[PDB]
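> here's a sequence, model it:
(one chain, ligands or ions: 2)
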Amino acid sequence: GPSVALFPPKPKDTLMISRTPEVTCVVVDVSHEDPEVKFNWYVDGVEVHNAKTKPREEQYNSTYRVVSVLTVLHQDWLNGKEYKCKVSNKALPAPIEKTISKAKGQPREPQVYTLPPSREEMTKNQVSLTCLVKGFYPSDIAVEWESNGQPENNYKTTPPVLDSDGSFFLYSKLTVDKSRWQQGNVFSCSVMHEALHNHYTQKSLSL
Ligand SMILES: *[C@@H]1O[C@H](CO[C@H]2O[C@@H](C)[C@@H](O)[C@@H](O)[C@@H]2O)[C@@H](O[C@@H]2O[C@H](CO)[C@@H](O[C@@H]3O[C@H](CO[C@H]4O[C@H](CO)[C@@H](O)[C@H](O)[C@@H]4O[C@@H]4O[C@H](CO)[C@@H](O)[C@H](O)[C@H]4NC(C)=O)[C@@H](O)[C@H](O[C@H]4O[C@H](CO)[C@@H](O)[C@H](O)[C@@H]4O)[C@@H]3O)[C@H](O)[C@H]2NC(C)=O)[C@H](O)[C@H]1NC(C)=O
Ligand SMILES: [Cl-]
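Numbering: from 1, shown residues only. Ligands and ions are numbered 1, 2, ... in the order given. This is the structure:
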């Protein structure tokens, strides 16, 4: 029968007030016999009525996928409100409920440091600029490298790692042509996290 998956907003969308965070309720294996699907949404038990249900989407295996998207208030998500999707369908003996919310725990402010390439790496044609982000909680975070107000195309960020004090850390490594570093171009590591002032900080690094 029908099955439901409930997906959280992207951290960056919850952290930047200009962006639009969404909770997404997805129903799959909706049958042709009982194709109609009702979604009820609740926020800490109180029904809300602003969800947009997308049109049914027919799969290659003769079932439908039906999606309801609930726009959330950034502050509600960050204040730990519970989002419940209730999915009714005539093939279900009772409606399916799923609930989600933000990871729990006292927030802790990330410390953000940029580290230049080792002198030993300067023998190479590409070099590594390092962004250390440590002491944060919970693990929900976004970390991005930019130059001239635009994202860099060769960086990779480690997952959050539990540190010995129960906070998280990660590193993001930016690789650039050595000549760009030598020319004095400025590179910036932007970090978004709920325990930062304005949910944002940026640290820059140049030769
Ligand atoms: C008939 O076909 C259906 C359509 O899918 C297939 O189409 C065919 C034509 C091929 O193209 C094939 O490749 C496709 O798979 C089948 O639908 C599938 O059903 C299964 C079983 O119900 C679903 O499994 C769930 O998967 C969840 C994760 O889903 C996300 O990630 C997937 C990639 O890893 C991706 O495919 C999904 O679309 C979805 O993507 C996420 O979308 C959200 C919302 O839009 C977005 O915000 C995210 O960024 C995005 N994330 C990522 C990483 O891409 C699991 O979480 C889920 O498990 C949860 O619920 C369980 C209980 O329900 C529970 O046990 C778990 O613990 C957990 O809570 C579950 O495993 C699968 O998603 C679904 N595929 C799609 C595309 O919807 C169908 O099964 C099949 N039916 C039959 C009878 O044959
Ligand atoms: Cl913003």
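> mind listing what residue 178 touches?
By C-beta atoms under 8 Å, 6 or more residues apart in numbering, the contact set of residue 178 is 122, 124, 125, 126, 127. C-beta: built from backbone N, CA, C; applies to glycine.
> ok, and which of those reach ligand 2?
Among the contacts of residue 178, no residue is within reach of ligand 2 (C-beta under 5 Å from the ion).
> most neighbours, which of the residues you listed?
Neighbour counts for the contacts of residue 178 (other C-beta atoms under 10 Å) peak at residue 127, which has 20 neighbours.
> isn't there a helix covering it?
No. Counting by DSSP: H, G, I helix; E, B strand; the rest coil, residue 127 falls outside a helix, being strand.
> wait, isn't it in contact with residue 119?
No. Taking contacts as C-beta atoms under 8 Å, residue 127 lies outside contact range of residue 119: 10.3 Å.
> wait, does stretch 36-54 contact ligand 1?
No. Using C-beta under 6 Å from any ligand atom, stretch 36-54 never reaches ligand 1; the gap is at least 9.5 Å.
> beta partners of the nearest residue to residue 106 once chain neighbours are set aside?
Leaving aside its sequence neighbours, residue 106 sits nearest to residue 137 (C-beta to C-beta, 6 or more residues apart in numbering; 6.6 Å). Residue 137 has these beta-bridge partners by DSSP bridges: residue 108.
> one more: the one 10 residues further on?
In this structure, residue 147 has the following beta-bridge partners (DSSP bridges): residue 150, residue 187.
> in the protein, which spans are helices?
Listed in chain order, the helices of the chain (DSSP state H) span 11-15, 74-78, 178-182.
> can you say which of the ones you listed is nearest to ligand 2?
Of all these, helix 11-15 sits nearest to ligand 2, with 8.2 Å by C-beta to the ion.
> interface residues of the chain facing ligand 1?
3-5, 7, 24, 26, 28-29, 59-61, 63, 65.
> and these, which are buried?
4, 24, 26, 28, 63 (16 or more other C-beta atoms under 10 Å).
> if I look at the second one, how far off is residue 71?
Think residue 24. Residue 24 is 11 Å from residue 71, where distance means C-beta to C-beta, to the nearest Å.
> got it, and residue 188?
30 Å.
> repeat that for residue 206.
Residue 206 sits 40 Å away from residue 71, going by C-beta to C-beta.
> do residue 88 as well
Taking C-beta to C-beta, one finds residue 88 at 21 Å from residue 71.
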